[PDB]
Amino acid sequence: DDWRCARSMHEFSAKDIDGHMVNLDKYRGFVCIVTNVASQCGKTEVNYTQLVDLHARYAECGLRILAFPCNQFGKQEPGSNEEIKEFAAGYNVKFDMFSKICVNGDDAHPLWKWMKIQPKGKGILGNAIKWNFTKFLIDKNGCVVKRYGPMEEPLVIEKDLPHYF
């Protein structure tokens, strides 16, 4: 397992929602929020709207947001990448959308396997992602500094951003 030995998010790569591979070291020097999103879940509206809001509010300070669709939680992201892209455009999303992935299990994207065992990325009842819209806060060096649950509104992250800018 190479992914357990990575030291930074910047070591991983991921396909964006248009099918192009993105080297995540392009986010070096930015504070990031990484999150697993879904279109048909109870917290879809509050998360998209507050994430778009935090992005517009803190874009000039370097806030970036990475959104990975995931259908493993109630099958609440069943659509195609194009549908998810159009869904996100309806919220006026300007952050970075990726291709749908798994975040749990043997086939999970290795970025997500790594985040979950980071000291500040651990969960309480096991490390697995529990539901849609788990949020990880990534410092400018690519390390995980905080994990927020599916039921935590994205605005609760705001108080912590000044310490990493």
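Quick note: we count residues from 1 along the sequence shown, nothing fancier.
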Stretch with higher mean Cα temperature factor, 36 to 44 vs 66 to 74, is 36 to 44
With respect to the recorded C-alpha B factors, which stretch has the higher mean value, 122 to 130 or 94 to 102? 122 to 130
Can you tell me whether residue 54 has a C-alpha B-factor in the lowest, middle or highest third compared with the other modelled residues of the same chain? highest
Relative to the other modelled residues of the same chain, rank the CA B-factor of residue 27 and answer lowest, middle or highest third. highest
B-factor third for the C-alpha atom of residue 10 within its chain: middle
Relative to the other modelled residues in the chain, which third contains the C-alpha temperature factor of residue 135: lowest, middle or highest? lowest
Would you check the entry's CA temperature factor for residue 111 and let me know if it's in the chain's lowest, middle or highest third? middle
